[PDB]
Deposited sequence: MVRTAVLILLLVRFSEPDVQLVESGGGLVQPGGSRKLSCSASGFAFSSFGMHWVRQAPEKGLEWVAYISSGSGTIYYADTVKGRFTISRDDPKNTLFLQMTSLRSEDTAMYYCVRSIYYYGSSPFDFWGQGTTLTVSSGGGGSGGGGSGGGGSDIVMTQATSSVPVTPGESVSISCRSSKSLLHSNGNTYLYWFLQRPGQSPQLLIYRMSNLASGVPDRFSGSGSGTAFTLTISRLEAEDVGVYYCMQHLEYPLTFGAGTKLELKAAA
């Protein structure tokens, strides 16, 4: 029901911290944890991944070796130890719950998010527009591009859409470009080719005006782009 994060504060660049994602209300042992972080003005970018039960620990390619993390499974906690903190790591960290099987919904429920403000080959996705003003009731299409044909031989596209309402977590909207997520209404619909993708938001209402986000998931690194803001 509730995921709480801790470990924020004001530390000089070059310090050490302990981020802690405490989780409750679900069987945390059979879930995989992501650690998407957000720049205060630039979009999301992925940091780390751990499979269910402390197995295949993944990382972003530039922070491979510099971050260490463990999971306390009997108490349902994540211990992200922060070492050699740089000035470019001012971010809003999220704690992402995902599960991987057939017919699953990864990236379904997201953490609340804690801040971290310090003073002073690779598939890359890109957005279409940084900000689009749309009055509600116009069925806006938001598109995104990539650098690979995400039409893997198993028969599904590893594309995950999102939405961040201003202030709280970026909840999932569309997974596998055609399957509607849990907790969202029956008005969103995704489409796209092998490389280019699009998302139709029909009959817009209140509160679905946050910044949108898109994800490739075919390889281990994960790229978001700048994020399409939706305006009025």
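Asker: Missing C-alpha coordinates: which residue stretches of the deposited sequence does that apply to?
Answerer: Since the structure holds only modelled residues, the stretches it omits are 1-18, 139-152, 265-268.
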